[PDB]
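The form solved without 4-(2-aminoethyl)-2-iodophenol (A1CRA) is given below as one chain in structure tokens.
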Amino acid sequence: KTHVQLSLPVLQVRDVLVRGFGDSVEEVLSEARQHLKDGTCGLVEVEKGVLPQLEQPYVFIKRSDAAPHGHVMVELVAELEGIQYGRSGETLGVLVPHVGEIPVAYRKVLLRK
């Protein structure tokens, strides 16, 4: 399928144990997609002081359209040293590995895969 319904656990930035997906734009997009498929991906909501506590390159989920079955359609955009790789809508948050942190909420997304 071109899209997959996922329910992403929303993590507090200070709980996150693995603060990014890797060392290059291509690697972090690759690893983010793998962890989304494997159910091992968390979401951190972006606010003042969040991104400097995570590791670049960043992987965002961004709204791709204006929401089937409650799932916002999203796609992945990476960021490294202020340059973004991809073009999309509003940020829903920054993706990180999930290694068993307790979430505060879930974000229902339809991921363009």
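For every residue, the number given is its place in the sequence shown, counted from 1.
Although not depicted, the form solved in complex with 4-(2-aminoethyl)-2-iodophenol (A1CRA) is the subject of the following passage.
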{"query": "Partner proximity in the deposited complex: residue 33 to 4-(2-aminoethyl)-2-iodophenol (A1CRA), non-hydrogen atom cutoff 4.5 Å", "finding": "yes"}
{"query": "Distance check, residue 113 to 4-(2-aminoethyl)-2-iodophenol (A1CRA) in the deposited complex, heavy atom within 4.5 Å", "finding": "yes"}
{"query": "Exercise: residue 63 in contact with 4-(2-aminoethyl)-2-iodophenol (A1CRA) in the deposited complex, heavy atom 4.5 Å", "finding": "no"}
{"query": "Residues of 1-30 having any heavy atom within 4.5 Å of 4-(2-aminoethyl)-2-iodophenol (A1CRA) in the deposited complex, listed in sequence order", "finding": "4, 6"}
